[PDB]
There are 2 protein chains.
Amino acid sequence: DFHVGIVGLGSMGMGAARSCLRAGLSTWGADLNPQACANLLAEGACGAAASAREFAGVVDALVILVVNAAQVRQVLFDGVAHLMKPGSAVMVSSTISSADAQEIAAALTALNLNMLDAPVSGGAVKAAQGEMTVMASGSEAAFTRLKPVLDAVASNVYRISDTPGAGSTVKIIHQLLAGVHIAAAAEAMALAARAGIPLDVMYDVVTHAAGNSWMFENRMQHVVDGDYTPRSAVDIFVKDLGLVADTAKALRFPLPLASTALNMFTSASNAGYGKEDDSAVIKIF
Amino acid sequence: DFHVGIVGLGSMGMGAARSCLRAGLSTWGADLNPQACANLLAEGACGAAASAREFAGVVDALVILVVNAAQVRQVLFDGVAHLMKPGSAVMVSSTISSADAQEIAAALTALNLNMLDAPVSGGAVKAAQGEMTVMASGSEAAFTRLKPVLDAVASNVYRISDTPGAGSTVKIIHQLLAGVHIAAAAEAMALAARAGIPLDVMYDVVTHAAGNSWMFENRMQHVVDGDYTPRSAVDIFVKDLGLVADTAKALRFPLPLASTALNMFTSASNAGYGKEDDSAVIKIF
Ligand SMILES: [Cl-]
Ligand SMILES: [Cl-]
């Protein structure tokens, strides 16, 4: 049978793991959250532990859904890359630089492993339904080996290039929009509040008009409900928009709006809202 | 029967007129475009001319879908307000200040006419299907008189307040999002181009990911196709974001992103792209 290990059981990771289970793949999970692991076991997983060292040696594919490159490197190099069998594939689905994706791929290739630069999007709901959007780049060997996984976790896979790096570049550009949209939504709702317009009313209008955005609809519900419990933290976009900034600077390209959004999220973090839901950026107002 | 006159047969206006015709209302149209008028006549309109002076005296309701307050005032005060019969209603669906909506309403009330501060949104496609989103405020008399029209042209009507002004305030906030989203989309696509990512590919990814926006999906298709033929001009947002700026300043409220977008559209206009599609803001890059 096909064995796939999912490392990182956050909202996106759990969705992927459940989608793999529905697809009938032998699924293993790894996360420091004992409750995420227990749920997966209760749902049919072959195994679930704090790390993937217990099953890395038998999986045909390992999917890594973590926050940053540092965490990807920690999972791979108590690392598990050296335990993986020749020909197995590693699908890196985080938000890293093109350089890091290439550096990581080179290290894995040396171990006769295939890597797919495959950052994802689509939201937690879509993920739970196996309807992720994947922006991937990598060898034919990686794409072929991971087909069972991609078919299970995703509904839209975009093959950007045949070499690691391009996928992460696309993800970076995508995060520019995600970040700016959250900040713009916050700016508009704070103005609405200041103008005396009920936020629930403002929310309904926008979500039924031409000014709507996926991020407005998703994040501004948190604002209307006054629930800043972190789904995705402010600090995530401080990091992501920082990566966007670096990419643009390397290309000598100006970012009027992305630089502004980065400053807004950065202000929200210095104000102490760094670990709160990213919609908390509205608090700088 | 119920007679309704539609003044301003642009994309939104034609949709409203056709929706009124489908609803079985006696429909009249007014626009300087002889081709818009001819099409309406061919479709069953009672009349269609350059101005509404020919039918203003018999309509139960007059809908004004124009670009700005100046044009609303020109239609009302060769004006037609004084020709309208007592009890008739005027639905102003433009993008004007709250002050202007109130000033215009007062003038119409003095003539025993009802006015509805009813700016709209939803896009041309929705408009043609009678599925507009209306953010309206005004008296019970105005809402009641216009019900036949609202039922025909709209699918979502939000009654903001019982007095003219609030509707326009909501529209202003909405335009902040519409404007920022177009500019953010342009910024992201220009960066994508600079980074060497095919725009059609970047478009497909975004429109299937969490960074999508109604404006990105609508306007960036123009960019992918390289067609800057004006559907809605750059100068429209120079005007609209200018109104947003004034609203915020009056409230002593800062707009990091909206002020940036205004500067971008303003730059695009000074560069000579003012009359081109608003997606042409991408040309400042
Ligand atoms: Cl699927
Ligand atoms: Cl309708």
Side-chain angles (χ1 to χ4, degrees), chain A residues 2-10 12-14 16-17 20 27-34 36-37 40 45-120 134-146 149-150 153 160-172 175 235-236 239-240 242-243 246-247:
Chain A
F2 189 92
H3 287 254
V4 57
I6 307 300
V7 185
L9 299 174
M12 297 300 276
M14 275 301 289
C20 285
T27 308
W28 302 77
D31 196 80
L32 291 178
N33 172 39
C37 293
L40 210 59
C46 293
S51 82
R53 305 186 206 79
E54 334 281 47
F55 58 75
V58 305
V59 295
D60 295 291
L62 188 77
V63 184
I64 305 176
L65 293 148
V66 296
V67 177
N68 55 53
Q71 282 171 41
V72 176
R73 289 193 162 85
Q74 285 183 58
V75 167
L76 295 181
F77 327 96
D78 310 322
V80 302
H82 68 108
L83 301 177
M84 293 185 73
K85 56 184 166 165
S88 59
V90 177
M91 185 180 144
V92 183
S93 303
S94 178
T95 301
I96 67 183
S97 71
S98 183
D100 278 326
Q102 294 172 57
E103 288 163 43
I104 294 172
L108 291 176
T109 295
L111 303 176
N112 258 184
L113 303 175
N114 303 110
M115 194 211 80
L116 193 65
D117 176 19
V120 299
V134 189
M135 40 219 104
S137 65
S139 69
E140 182 57 55
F143 274 109
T144 298
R145 196 75 167 94
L146 289 162
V149 176
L150 296 165
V153 310
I160 313 303
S161 76
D162 68 323
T163 76
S168 287
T169 292
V170 171
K171 179 56 181 295
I172 290 170
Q175 291 309 86
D235 285 339
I236 293 295
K239 166 177 58 68
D240 286 4
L243 181 50
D246 290 339
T247 296

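Lettering of chains follows the sequences in order, A, B, ..., and the numbering in each one begins at 1.
Distance check: A:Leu146 CG to A:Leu116 CG gives 5.5 Å after rounding to the nearest 0.5 Å. Once rounded to the nearest 0.5 Å, the distance linking CD1 of A:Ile96 with CD1 of A:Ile104 reads 4.0 Å. In this structure, the separation between NE2 on A:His3 and CZ on A:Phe55 is 11.5 Å, given to the nearest 0.5 Å. A:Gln175 contributes atom CD, which lies 9.0 Å from atom CG of A:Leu243 (distance to the nearest 0.5 angstrom). Expressed to the nearest 0.5 Å, how far OG1 of A:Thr109 lies from CG of A:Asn114 amounts to 7.0 Å. Of the inter-residue distances, the one linking A:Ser97 atom OG with A:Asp246 atom CG reads 8.5 Å to the nearest 0.5 angstrom.
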For this session: Using the side-chain contact (heavy atoms from CB on, under 4.5 Å) rule, take A:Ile64 and A:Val90 through it: C-alpha gap first, then chi angles, then the decisive distance, then the call.
Result: CA-CA 7 Å; A:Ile64 305 176; A:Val90 177; 3.8 Å; yes

Problem set entry | Criterion side-chain contact (heavy atoms from CB on, under 4.5 Å) on A:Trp28 and A:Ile6, from CA distance to verdict | CA-CA 6 Å; A:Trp28 302 77; A:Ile6 307 300; over 6 Å; no

Exercise. When you look at A:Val4 and A:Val63, which way does the side-chain contact (heavy atoms from CB on, under 4.5 Å) test go after all the steps?
Worked result: CA-CA 7 Å; A:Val4 57; A:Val63 184; 4.1 Å; yes

For this session: Please report the C-alpha distance between A:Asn68 and A:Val72 in whole Å, then the side-chain angles of each, then the deciding distance to 0.1 Å, and finally whether the side-chain contact (heavy atoms from CB on, under 4.5 Å) criterion is met.
Result: CA-CA 6 Å; A:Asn68 55 53; A:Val72 176; over 6 Å; no

Exercise. Step by step, would you call A:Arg73 with A:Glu103 a salt bridge (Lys or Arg N to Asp or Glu O under 4.0 Å)?
Worked result: CA-CA 10 Å; A:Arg73 289 193 162 85; A:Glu103 288 163 43; 3.1 Å; yes

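Looking at A:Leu150 and A:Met91, their side chains come closer than 4.5 Å, going by heavy atoms from C-beta outward. When side chains are defined from C-beta on, A:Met14 counts as touching A:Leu40, because their heavy atoms get closer than 4.5 Å. In this structure, the side chains of A:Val59 and A:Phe2 stay at 4.5 Å or more apart for every pair of heavy atoms.
Closest of all the heavy-atom pairs between A:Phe143 and A:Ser161 is CE1-O, 4.1 Å. The two atoms that bring A:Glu54 and A:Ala49 nearest to each other are CG-CB, 4.0 Å, heavy atoms only. When all heavy atoms of A:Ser137 and A:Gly165 are compared, the pair lying nearest together is OG-N, 3.4 Å. Considering every non-hydrogen atom in both A:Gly167 and A:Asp117, the closest pair reads N-OD2, 3.2 Å. Taking each heavy atom of A:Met84 and A:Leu62 in turn, the nearest pair found is CE-CB, 3.7 Å. Across all their heavy atoms, A:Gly87 and A:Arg145 have their closest contact at O-NE, 3.0 Å.
For the 3.5 Å distance criterion, the side chains of A:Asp60 and A:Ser88 fail to qualify, holding no donor opposite an acceptor.
Remark: side-chain polar atoms of A:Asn112 are not paired, donor with acceptor, to backbone N or O of A:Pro86 under 3.5 angstrom. Within the 3.5 Å criterion, the main-chain N or O of A:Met135 finds no donor-acceptor partner in the side chain of A:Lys171. Put simply, the side chain of A:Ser94 never gets that close to the backbone of A:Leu65: no donor and acceptor are under 3.5 Å apart.
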